[PDB]
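Okay, target_4.tsv is below, TSV, C-alpha atoms:
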chain	number	residue	atom	x	y	z
A	41	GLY	CA	-121.62	28.75	37.36
A	42	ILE	CA	-121.68	25.46	35.46
A	43	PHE	CA	-118.09	26.16	34.33
A	44	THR	CA	-116.03	25.27	37.40
A	45	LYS	CA	-112.42	25.84	38.37
A	46	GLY	CA	-111.73	22.16	37.73
A	47	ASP	CA	-112.84	22.65	34.13
A	48	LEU	CA	-110.29	25.40	33.49
A	49	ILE	CA	-107.72	23.28	35.32
A	50	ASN	CA	-108.39	20.36	32.96
A	51	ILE	CA	-108.10	22.66	29.93
A	52	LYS	CA	-104.80	24.12	31.16
A	53	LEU	CA	-103.45	20.65	31.98
A	54	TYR	CA	-104.29	19.52	28.45
A	55	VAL	CA	-102.52	22.61	27.08
A	56	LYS	CA	-99.43	22.01	29.22
A	57	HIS	CA	-99.22	18.31	28.34
A	58	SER	CA	-99.64	19.19	24.66
A	59	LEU	CA	-96.83	21.74	24.88
A	60	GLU	CA	-94.61	19.07	26.46
A	61	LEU	CA	-95.01	17.10	23.19
A	62	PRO	CA	-92.50	17.63	20.36
A	63	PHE	CA	-93.41	19.25	17.06
A	64	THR	CA	-90.27	18.88	14.90
A	65	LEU	CA	-89.60	15.92	12.63
A	66	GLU	CA	-86.47	14.89	14.54
A	67	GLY	CA	-88.19	15.39	17.89
A	68	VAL	CA	-91.18	13.37	16.68
A	69	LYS	CA	-88.90	10.56	15.46
A	70	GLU	CA	-87.18	10.55	18.85
A	71	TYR	CA	-90.50	10.53	20.72
A	72	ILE	CA	-92.19	7.76	18.71
A	73	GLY	CA	-89.04	5.62	18.93
A	74	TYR	CA	-88.35	4.88	15.26
A	75	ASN	CA	-87.20	6.55	12.05
A	76	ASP	CA	-89.38	4.44	9.74
A	77	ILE	CA	-92.14	1.82	9.87
A	78	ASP	CA	-93.89	-0.32	7.27
A	79	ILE	CA	-97.26	1.13	8.40
A	80	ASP	CA	-98.19	4.17	6.32
A	81	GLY	CA	-100.50	5.57	9.00
A	82	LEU	CA	-97.63	5.59	11.51
A	83	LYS	CA	-95.10	7.22	9.16
A	84	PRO	CA	-93.03	9.92	10.92
A	85	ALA	CA	-94.27	12.65	8.56
A	86	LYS	CA	-97.94	12.11	9.44
A	87	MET	CA	-97.12	11.82	13.14
A	88	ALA	CA	-95.15	15.08	12.97
A	89	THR	CA	-98.06	16.80	11.21
A	90	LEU	CA	-100.47	15.62	13.91
A	91	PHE	CA	-98.13	16.75	16.70
A	92	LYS	CA	-97.64	20.15	15.04
A	93	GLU	CA	-101.42	20.59	14.81
A	94	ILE	CA	-101.78	19.76	18.52
A	95	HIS	CA	-98.98	22.23	19.30
A	96	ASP	CA	-100.66	25.05	17.36
A	97	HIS	CA	-103.97	24.32	19.11
A	98	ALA	CA	-102.23	24.55	22.49
A	99	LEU	CA	-100.71	27.88	21.46
A	100	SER	CA	-104.15	29.20	20.48
A	101	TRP	CA	-105.59	28.40	23.91
A	102	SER	CA	-103.78	31.35	25.52
A	103	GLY	CA	-105.40	33.87	23.19
A	104	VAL	CA	-108.77	32.20	23.71
A	105	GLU	CA	-108.43	32.46	27.50
A	106	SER	CA	-107.40	36.12	27.30
A	107	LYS	CA	-110.38	36.95	25.08
A	108	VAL	CA	-112.75	35.17	27.47
A	109	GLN	CA	-111.37	37.03	30.50
A	110	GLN	CA	-111.36	40.45	28.81
A	111	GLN	CA	-114.89	40.11	27.44
A	112	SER	CA	-116.15	38.84	30.80
A	113	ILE	CA	-114.76	41.98	32.46
A	114	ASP	CA	-116.34	44.12	29.74
A	115	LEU	CA	-119.71	42.38	30.13
A	116	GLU	CA	-119.69	42.86	33.90
A	117	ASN	CA	-118.98	46.59	33.51
A	118	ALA	CA	-121.54	47.06	30.73
A	119	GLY	CA	-124.15	45.12	32.68
A	120	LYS	CA	-123.59	47.16	35.84
A	121	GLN	CA	-123.88	50.38	33.81
A	122	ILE	CA	-127.06	49.29	32.01
A	123	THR	CA	-128.72	47.88	35.14
A	124	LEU	CA	-128.00	50.90	37.36
A	125	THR	CA	-129.01	53.46	34.73
A	126	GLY	CA	-132.17	51.57	33.81
A	127	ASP	CA	-133.21	51.13	37.43
A	128	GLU	CA	-132.68	54.84	38.08
A	129	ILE	CA	-134.74	55.78	35.01
A	130	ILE	CA	-137.54	53.38	35.96
A	131	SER	CA	-137.68	54.60	39.57
A	132	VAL	CA	-137.78	58.26	38.50
A	133	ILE	CA	-140.56	57.53	36.01
A	134	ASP	CA	-142.39	55.56	38.71
A	135	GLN	CA	-142.24	58.44	41.19
A	136	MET	CA	-144.33	60.81	39.06
A	137	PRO	CA	-148.13	60.54	39.41
A	138	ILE	CA	-150.18	58.02	37.47
A	139	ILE	CA	-152.04	60.70	35.50
A	140	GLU	CA	-148.83	61.96	33.89
A	141	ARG	CA	-147.71	58.33	33.58
A	142	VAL	CA	-150.78	57.64	31.42
A	143	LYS	CA	-151.20	60.89	29.48
A	144	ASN	CA	-147.54	61.66	28.72
A	145	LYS	CA	-145.54	59.70	26.15
A	146	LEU	CA	-141.86	58.79	25.97
A	147	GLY	CA	-141.20	61.52	23.40
A	148	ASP	CA	-142.16	64.13	26.01
A	149	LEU	CA	-138.97	63.26	27.96
A	150	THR	CA	-136.37	62.44	25.29
A	151	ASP	CA	-135.28	66.06	24.74
A	152	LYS	CA	-134.34	66.70	28.40
A	153	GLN	CA	-132.32	65.04	31.13
A	154	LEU	CA	-134.22	62.78	33.55
A	155	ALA	CA	-133.32	64.16	37.00
A	156	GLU	CA	-129.50	64.34	36.67
A	157	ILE	CA	-129.29	60.74	35.39
A	158	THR	CA	-126.29	60.13	33.12
A	159	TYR	CA	-125.05	57.25	30.96
A	160	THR	CA	-121.53	56.58	29.63
A	161	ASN	CA	-121.14	54.39	26.55
A	162	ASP	CA	-118.38	51.99	25.49
A	163	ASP	CA	-116.47	54.83	23.76
A	164	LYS	CA	-116.20	56.71	27.11
A	165	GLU	CA	-118.73	59.26	25.80
A	166	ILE	CA	-121.33	60.66	28.21
A	167	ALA	CA	-125.04	61.22	27.49
A	168	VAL	CA	-127.39	63.34	29.61
A	169	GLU	CA	-130.62	63.57	27.61
A	170	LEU	CA	-132.94	60.59	27.94
A	171	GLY	CA	-133.23	59.95	24.20
A	172	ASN	CA	-129.47	60.15	23.70
A	173	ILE	CA	-129.07	57.82	26.68
A	174	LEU	CA	-131.43	55.27	25.13
A	175	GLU	CA	-129.75	55.42	21.71
A	176	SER	CA	-126.27	55.14	23.27
A	177	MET	CA	-127.45	52.19	25.36
A	178	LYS	CA	-128.89	50.53	22.23
A	179	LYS	CA	-125.56	50.93	20.42
A	180	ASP	CA	-123.67	49.60	23.44
A	181	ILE	CA	-125.93	46.53	23.61
A	182	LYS	CA	-125.38	45.85	19.91
A	183	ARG	CA	-121.64	46.15	20.29
A	184	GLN	CA	-121.57	43.90	23.30
A	185	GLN	CA	-123.61	41.34	21.35
A	186	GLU	CA	-120.98	41.47	18.59
A	187	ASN	CA	-118.09	41.09	21.06
A	188	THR	CA	-119.75	38.23	22.93
A	189	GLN	CA	-120.39	36.57	19.56
A	190	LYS	CA	-116.70	36.89	18.66
A	191	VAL	CA	-115.66	35.31	21.97
A	192	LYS	CA	-118.20	32.50	21.51
A	193	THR	CA	-116.82	31.93	18.01
A	194	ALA	CA	-113.28	31.72	19.41
A	195	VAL	CA	-114.26	29.22	22.10
A	196	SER	CA	-116.31	27.17	19.63
A	197	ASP	CA	-113.48	27.05	17.09
A	198	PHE	CA	-111.13	25.84	19.83
A	199	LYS	CA	-113.52	23.09	20.94
A	200	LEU	CA	-114.30	22.07	17.35
A	201	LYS	CA	-110.62	21.82	16.45
A	202	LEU	CA	-110.35	19.53	19.47
A	203	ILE	CA	-113.34	17.24	18.82
A	204	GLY	CA	-114.22	17.81	15.17
A	205	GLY	CA	-116.94	19.60	13.24
A	206	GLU	CA	-117.44	22.61	11.00
A	207	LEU	CA	-115.41	25.64	12.07
A	208	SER	CA	-116.69	29.21	11.97
A	209	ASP	CA	-115.13	29.84	8.54
A	210	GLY	CA	-117.02	26.87	7.07
A	211	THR	CA	-113.92	24.66	7.10
A	212	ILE	CA	-114.55	21.02	8.03
A	213	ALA	CA	-111.95	20.21	10.69
A	214	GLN	CA	-111.35	16.63	11.77
A	215	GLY	CA	-110.81	16.67	15.52
A	216	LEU	CA	-107.38	16.03	16.98
A	217	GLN	CA	-108.96	13.60	19.45
A	218	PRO	CA	-110.43	11.21	16.81
A	219	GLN	CA	-107.09	11.39	14.96
A	220	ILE	CA	-105.32	10.33	18.16
A	221	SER	CA	-107.84	7.48	18.43
A	222	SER	CA	-107.21	6.42	14.82
A	223	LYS	CA	-103.44	6.42	15.30
A	224	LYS	CA	-103.79	4.40	18.50
A	225	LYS	CA	-105.96	1.85	16.70
A	226	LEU	CA	-103.31	1.60	13.97
A	227	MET	CA	-100.77	0.94	16.73
A	228	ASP	CA	-103.00	-1.72	18.33
A	229	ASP	CA	-104.10	-3.64	15.19
A	230	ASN	CA	-101.03	-4.73	13.22
A	231	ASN	CA	-99.07	-7.90	12.42
A	232	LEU	CA	-95.74	-7.04	14.07
A	233	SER	CA	-96.24	-9.51	16.92
A	234	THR	CA	-97.29	-12.14	14.37
A	235	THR	CA	-94.05	-11.84	12.38
A	236	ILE	CA	-92.09	-11.83	15.65
A	237	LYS	CA	-93.82	-15.03	16.79
A	238	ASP	CA	-93.31	-16.77	13.44
A	239	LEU	CA	-89.61	-15.91	13.29
A	240	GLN	CA	-89.18	-16.94	16.94
A	241	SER	CA	-90.87	-20.29	16.26
A	242	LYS	CA	-88.53	-20.91	13.32
A	243	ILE	CA	-85.57	-19.96	15.53
A	244	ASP	CA	-86.75	-22.28	18.32
A	245	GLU	CA	-87.13	-25.23	15.94
A	246	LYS	CA	-83.67	-24.61	14.47
A	247	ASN	CA	-82.20	-24.25	17.97
A	248	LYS	CA	-83.72	-27.59	18.97
A	249	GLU	CA	-82.14	-29.11	15.87
A	250	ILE	CA	-78.77	-27.52	16.73
A	251	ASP	CA	-78.94	-28.79	20.31
A	252	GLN	CA	-79.79	-32.34	19.19
A	253	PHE	CA	-77.04	-32.34	16.55
A	254	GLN	CA	-74.44	-31.13	19.05
A	255	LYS	CA	-75.52	-33.65	21.61
A	256	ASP	CA	-75.56	-36.49	19.16
A	257	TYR	CA	-72.70	-36.13	16.75
A	258	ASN	CA	-70.06	-34.90	19.20
A	287	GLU	CA	-69.53	-34.89	8.26
A	288	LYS	CA	-72.71	-34.11	6.33
A	289	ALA	CA	-74.53	-33.32	9.59
A	290	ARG	CA	-71.74	-30.88	10.56
A	291	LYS	CA	-72.37	-28.74	7.48
A	292	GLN	CA	-76.10	-28.80	8.23
A	293	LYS	CA	-75.38	-27.75	11.83
A	294	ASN	CA	-73.30	-24.76	10.71
A	295	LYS	CA	-75.96	-23.87	8.12
A	296	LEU	CA	-78.55	-23.88	10.91
A	297	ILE	CA	-76.25	-21.69	13.02
A	298	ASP	CA	-76.01	-19.08	10.26
A	299	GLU	CA	-79.76	-19.19	9.63
A	300	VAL	CA	-80.43	-18.73	13.35
A	301	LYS	CA	-78.05	-15.76	13.44
A	302	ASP	CA	-79.83	-14.01	10.56
A	303	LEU	CA	-83.30	-14.73	11.92
A	304	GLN	CA	-82.23	-13.55	15.38
A	305	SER	CA	-80.98	-10.23	14.01
A	306	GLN	CA	-84.34	-9.79	12.29
A	307	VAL	CA	-86.11	-10.73	15.54
A	308	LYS	CA	-84.12	-8.17	17.53
A	309	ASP	CA	-84.97	-5.39	15.08
A	310	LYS	CA	-88.67	-6.26	14.96
A	311	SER	CA	-88.83	-6.64	18.76
A	312	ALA	CA	-87.40	-3.16	19.30
A	313	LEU	CA	-89.87	-1.73	16.79
A	314	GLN	CA	-92.84	-3.52	18.37
A	315	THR	CA	-91.89	-2.36	21.87
A	316	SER	CA	-91.71	1.21	20.59
A	317	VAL	CA	-95.15	0.86	18.97
A	318	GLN	CA	-96.69	-0.54	22.17
A	319	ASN	CA	-95.24	2.25	24.32
A	320	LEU	CA	-96.45	4.82	21.79
A	321	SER	CA	-99.93	3.31	22.09
A	322	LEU	CA	-99.77	3.86	25.86
A	323	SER	CA	-98.65	7.47	25.35
A	324	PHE	CA	-101.50	8.07	22.89
A	325	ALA	CA	-103.96	6.63	25.41
A	326	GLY	CA	-102.72	9.25	27.87
A	327	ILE	CA	-103.07	12.03	25.29
A	328	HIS	CA	-106.61	10.84	24.58
A	329	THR	CA	-107.50	10.90	28.27
A	330	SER	CA	-106.28	14.50	28.59
A	331	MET	CA	-108.25	15.52	25.49
A	332	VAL	CA	-111.40	13.83	26.82
A	333	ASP	CA	-111.07	15.70	30.12
A	334	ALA	CA	-110.61	19.04	28.33
A	335	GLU	CA	-113.65	18.38	26.08
A	336	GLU	CA	-116.19	18.49	28.93
A	337	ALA	CA	-114.72	21.74	30.25
A	338	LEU	CA	-114.88	23.34	26.81
A	339	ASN	CA	-118.49	22.18	26.48
A	340	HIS	CA	-119.37	23.86	29.79
A	341	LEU	CA	-117.59	27.12	28.92
A	342	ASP	CA	-119.17	27.22	25.45
A	343	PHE	CA	-122.61	26.66	26.97
A	344	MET	CA	-122.13	29.51	29.45
A	345	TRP	CA	-121.02	31.94	26.76
A	346	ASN	CA	-123.94	30.88	24.54
A	347	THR	CA	-126.35	31.54	27.42
A	348	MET	CA	-124.93	35.03	27.94
A	349	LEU	CA	-125.04	35.74	24.19
A	350	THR	CA	-128.69	34.64	24.09
A	351	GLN	CA	-129.56	36.94	26.99
A	352	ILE	CA	-127.84	39.87	25.27
A	353	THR	CA	-129.72	39.13	22.03
A	354	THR	CA	-132.98	39.08	24.00
A	355	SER	CA	-132.08	42.49	25.45
A	356	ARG	CA	-131.33	43.90	21.98
A	357	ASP	CA	-134.54	42.53	20.47
A	358	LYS	CA	-136.59	43.95	23.36
A	359	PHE	CA	-134.86	47.31	22.87
A	360	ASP	CA	-136.03	47.17	19.25
A	361	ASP	CA	-139.57	47.61	20.70
A	362	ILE	CA	-138.91	51.10	22.13
A	363	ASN	CA	-140.33	54.21	20.48
A	364	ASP	CA	-141.24	57.74	21.50
A	365	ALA	CA	-144.99	57.24	20.92
A	366	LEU	CA	-145.27	54.70	23.75
A	367	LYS	CA	-147.01	55.68	26.97
A	368	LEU	CA	-144.86	55.94	30.08
A	369	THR	CA	-146.41	52.80	31.59
A	370	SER	CA	-145.83	50.76	28.43
A	371	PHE	CA	-142.34	52.27	28.18
A	372	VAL	CA	-141.52	51.23	31.76
A	373	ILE	CA	-142.73	47.68	31.05
A	374	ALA	CA	-140.75	47.42	27.81
A	375	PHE	CA	-137.61	48.90	29.36
A	376	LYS	CA	-137.80	46.48	32.29
A	377	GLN	CA	-137.92	43.69	29.71
A	378	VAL	CA	-134.91	45.29	28.00
A	379	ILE	CA	-132.66	45.57	31.05
A	380	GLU	CA	-133.72	42.34	32.82
A	381	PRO	CA	-131.29	39.96	31.02
A	382	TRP	CA	-128.29	42.15	31.88
A	383	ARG	CA	-128.68	41.23	35.56
A	384	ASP	CA	-128.07	37.56	34.76
A	385	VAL	CA	-125.39	38.58	32.25
A	386	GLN	CA	-123.39	40.52	34.85
A	387	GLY	CA	-123.90	37.76	37.41
A	388	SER	CA	-122.51	35.17	35.00
A	389	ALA	CA	-119.64	37.47	34.04
A	390	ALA	CA	-118.70	37.96	37.69
A	391	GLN	CA	-118.89	34.19	38.20
A	392	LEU	CA	-116.55	33.64	35.25
A	393	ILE	CA	-114.10	36.22	36.63
A	394	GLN	CA	-114.15	34.63	40.09
A	395	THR	CA	-113.73	31.08	38.76
A	396	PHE	CA	-110.86	32.18	36.50
A	397	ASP	CA	-109.08	33.90	39.40
A	398	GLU	CA	-109.54	30.88	41.68
A	399	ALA	CA	-108.50	28.36	39.02
A	400	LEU	CA	-105.43	30.34	37.95
A	401	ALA	CA	-104.35	30.74	41.58
A	402	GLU	CA	-104.82	27.01	42.17
A	403	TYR	CA	-102.85	26.18	39.01
A	404	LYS	CA	-100.02	28.50	40.03
A	405	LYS	CA	-99.97	26.76	43.43
Written form, structure tokens:
Amino acid sequence: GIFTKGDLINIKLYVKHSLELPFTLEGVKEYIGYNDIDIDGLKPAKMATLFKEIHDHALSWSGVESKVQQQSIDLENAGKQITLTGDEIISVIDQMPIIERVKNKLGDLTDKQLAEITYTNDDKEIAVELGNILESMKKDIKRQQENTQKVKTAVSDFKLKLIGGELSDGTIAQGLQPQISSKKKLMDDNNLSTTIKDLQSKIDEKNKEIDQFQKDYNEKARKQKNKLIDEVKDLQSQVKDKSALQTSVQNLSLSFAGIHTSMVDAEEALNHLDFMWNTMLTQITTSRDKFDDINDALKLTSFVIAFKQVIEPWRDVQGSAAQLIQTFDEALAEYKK
């Protein structure tokens, strides 16, 4: 399928790296490297809120993955059931002569079993009569459409919380990735280095004055020399503080670049997985809508044509479900290795 093992690997790597991040105020303050900053966007409270949101998203991924795997198994089983039963029914109806195929209608077969053909629904209930089989299959297809829709909603909500958009409940959610980008831009466009350079230039001029005074005198100049010494001491303490803060901000920018890279890699994978589940949901909806065209008054030839149209998408559905199962097994084994 279009969703590869590398895609799931990228998603799981993003989840792991996001779980390695701290989510408490003290842990956030230790990670960012400061307890306070003059920049309101980089305040520790906002950073802690963003980290906590990322942490909750990473926690939600496990439930999303489980839902995807469980519904893929269910779709493979339901597709095998529907395909095999429908093929048996179609072959049995095709074996009878053309004259009965044209004169008889579907209703002439609904009240009796079609040559020991049986169908078991999602509630483990068995149906033997053809009409009961068709109604049970219709209900199963509707329920599988609902379940596939729920899984697609889960995957879409995960991806939208990552990149941004309107969630399933109508809530407008700003993506965690653009928020990471905004914070990184705040880290990269500030005047910390400017203040550092200005203070350092003042200190260098005063140090040149101190050097010249020391070289030249050894009374009024002595007091000026000591005044310059005290001024240099104060400005140097300020420079040390601001230099530590600026180094922390620069390193945090690097860390946020890494977070952004991981989020970007996960985004493509989520796009692929969402597309695959949407394709399967569309095929199931096509099957349900075609089943809506079945009635007892139809001739056996028309019924065979319509029922072929009904059960055709389930072949692709079960193929895609088996592909998802295989890719998940391979990717999880490779991640455990």
inquiry  = Please determine, counting all atoms listed in the file, which residue among A:142, A:167, A:85, A:393 has the shortest atom-to-atom distance to residue 370 of chain A.
reply    =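 Checking each of A:142, A:167, A:85, A:393 against residue 370 of chain A, counting all atoms listed in the file, the winner is A:142.
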What are the closest atom pairs, with distances in Å to one decimal, for each residue of segment 56-105 of chain A lying within 8 Å of segment 315-319 of chain A, using all atoms listed in the file, rows by chain and rising residue number, as a Markdown table?
| residue | atom | partner | partner_atom | distance |
| --- | --- | --- | --- | --- |
| A:72 | CA | A:316 | CA | 6.8 |
| A:73 | CA | A:316 | CA | 5.4 |
| A:74 | CA | A:316 | CA | 7.3 |
Would you list the residues near (-109.3, 22.2, 35.1) (no more than 12 Å away, in the coordinates of the file, using all atoms listed in the file) as a compact mmCIF listing (two decimals) with C-alpha atoms, in the coordinates of the input?
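Dumped to selection.txt:
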# COMPACT_ATOMS: atom_id res chain seq x y z
CA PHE A 43 -118.09 26.16 34.33
CA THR A 44 -116.03 25.27 37.40
CA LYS A 45 -112.42 25.84 38.37
CA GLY A 46 -111.73 22.16 37.73
CA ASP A 47 -112.84 22.65 34.13
CA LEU A 48 -110.29 25.40 33.49
CA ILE A 49 -107.72 23.28 35.32
CA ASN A 50 -108.39 20.36 32.96
CA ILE A 51 -108.10 22.66 29.93
CA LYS A 52 -104.80 24.12 31.16
CA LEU A 53 -103.45 20.65 31.98
CA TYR A 54 -104.29 19.52 28.45
CA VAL A 55 -102.52 22.61 27.08
CA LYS A 56 -99.43 22.01 29.22
CA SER A 330 -106.28 14.50 28.59
CA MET A 331 -108.25 15.52 25.49
CA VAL A 332 -111.40 13.83 26.82
CA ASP A 333 -111.07 15.70 30.12
CA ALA A 334 -110.61 19.04 28.33
CA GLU A 335 -113.65 18.38 26.08
CA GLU A 336 -116.19 18.49 28.93
CA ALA A 337 -114.72 21.74 30.25
CA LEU A 338 -114.88 23.34 26.81
CA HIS A 340 -119.37 23.86 29.79
CA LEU A 341 -117.59 27.12 28.92
CA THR A 395 -113.73 31.08 38.76
CA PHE A 396 -110.86 32.18 36.50
CA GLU A 398 -109.54 30.88 41.68
CA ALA A 399 -108.50 28.36 39.02
CA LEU A 400 -105.43 30.34 37.95
CA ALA A 401 -104.35 30.74 41.58
CA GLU A 402 -104.82 27.01 42.17
CA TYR A 403 -102.85 26.18 39.01
inquiry  = When you look at segment 58-71 of chain A with a cut-off of 9 Å (counting only C-alpha atoms), what residues show up, excluding the ones that are within fewer than 5 positions of it in the same chain? I need them as an NGL selection string.
reply    = :A and (53 or 76 or 84-85 or 87-95 or 97-99 or 320 or 327)
Residues within 10 Å of residue 350 of chain A, all atoms listed in the file, excluding chain neighbours under 3 positions, as a list in words = residues 185, 188, 189, 344, 345, 346, 347, 353, 354, 355, 356, 381 and 385 of chain A
inquiry  = Rounded to one decimal, what separation in Å do you get between atom CA of residue 215 of chain A and atom CA of residue 314 of chain A?
reply    =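 So the answer is 27.2 Å.
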task = Using all atoms listed in the file, find all polymer residues with an atom at most 8 Å away from the point (-104.6, 12.6, 21.4); report them as a ChimeraX atom specification.
result = /A:216-221,324-331
key: Computed interatomic separation between atom CA of residue 130 of chain A and atom CA of residue 146 of chain A (Å)   =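 Interatomic distance, atom CA of residue 130 of chain A to atom CA of residue 146 of chain A: 12.2 Å.
With distances restricted to only C-alpha atoms, A:101 is the closest residue to residue 201 of chain A from A:150, A:101, A:157, A:145.
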